[PDB]
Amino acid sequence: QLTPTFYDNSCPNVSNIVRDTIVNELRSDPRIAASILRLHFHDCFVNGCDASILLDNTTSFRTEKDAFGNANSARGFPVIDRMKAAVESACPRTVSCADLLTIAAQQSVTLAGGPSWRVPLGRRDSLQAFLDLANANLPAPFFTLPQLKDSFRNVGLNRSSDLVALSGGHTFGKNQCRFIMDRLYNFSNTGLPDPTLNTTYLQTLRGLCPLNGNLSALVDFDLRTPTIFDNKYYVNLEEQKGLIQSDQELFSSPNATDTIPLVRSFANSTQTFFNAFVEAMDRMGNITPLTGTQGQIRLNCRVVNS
């Protein structure tokens, strides 16, 4: 069983070291908190939160970093290396990369203005990476609501609250133009923009992402508060201003009978959202963890111990 007090004797300063690293990095890279939270998400959705995503290529297995959902998208790996080294110095061979990333995600959310809580700990590190599994399990922005629900259920998160609350991670961070081009100019081969995208916002996004323009250009997920972790993401959805298809579908999908009330509840109360987010975050963090003597306490998050 994972417990929040796992390192209270072996490495009481772990949370503080992780926080200090992120605070320092945020000065030069204001996007890092968002990036780190996303790394934890992509770790947990592939064989559980086992730091499998942190492993680099080997001749026996490919890295998850080359997955369609990670390639030229996932970032912050050097920052994780930095905090890992700092933690290893303070507490040699004690904190797993899986746990380190979980703490980093939580601290990132709090540093960005989100809720503060102690995450369950005790996870151990994988002995391999899972590229095929990542390509299969990571959801995509073009998923319909049923597909989004399928993706979450596939990894163990059955609740619509899991999906709606965790999607709140898009209250900050960036998204490439490439992922909304269809919504802007030719949605579902209709030759027209996505009708669920606010027409005023449509104009703004078209200006940032012109047809035949730089597909790698970055746009903010939350037009209200781009770098602050708050419930503004849901207020946007209510006005048809969700950035990607998967965002807006939580409120506009024909299958959104169960998600609409959740979106409204989170838009109406920061407390309701924050509570739901912590609850869902801990559930995602409890996905098939290696514990006890299973796996290892990786010394270098990029490679399995030898």
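All residue numbers refer to positions in the sequence shown, first residue = 1.
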{"item": "Mean C-alpha temperature factor, higher of 286-294 and 11-19", "value": "11-19"}
{"item": "Greater mean Cα temperature factor according to the PDB record, 122-130 or 89-97", "value": "89-97"}
{"item": "Residue with maximal Cα B-factor (values as given in the PDB entry) among 35, 252, 57, 257", "value": "57"}
{"item": "Of the residues 151, 189, 161, 135, the one carrying the largest Cα B-factor as recorded", "value": "189"}
{"item": "Entry-reported Cα temperature factor of residue 29, expressed as the chain third it lands in", "value": "highest"}
{"item": "Where the record places residue 82 (Cα B-factor, split into thirds across the chain)", "value": "highest"}
{"item": "Residue 115 CA temperature factor, ranked by third within the chain", "value": "highest"}
{"item": "Among modelled residues of the same chain, the CA temperature factor third for residue 212", "value": "highest"}
{"item": "B-factor third for the C-alpha atom of residue 268 within its chain", "value": "highest"}
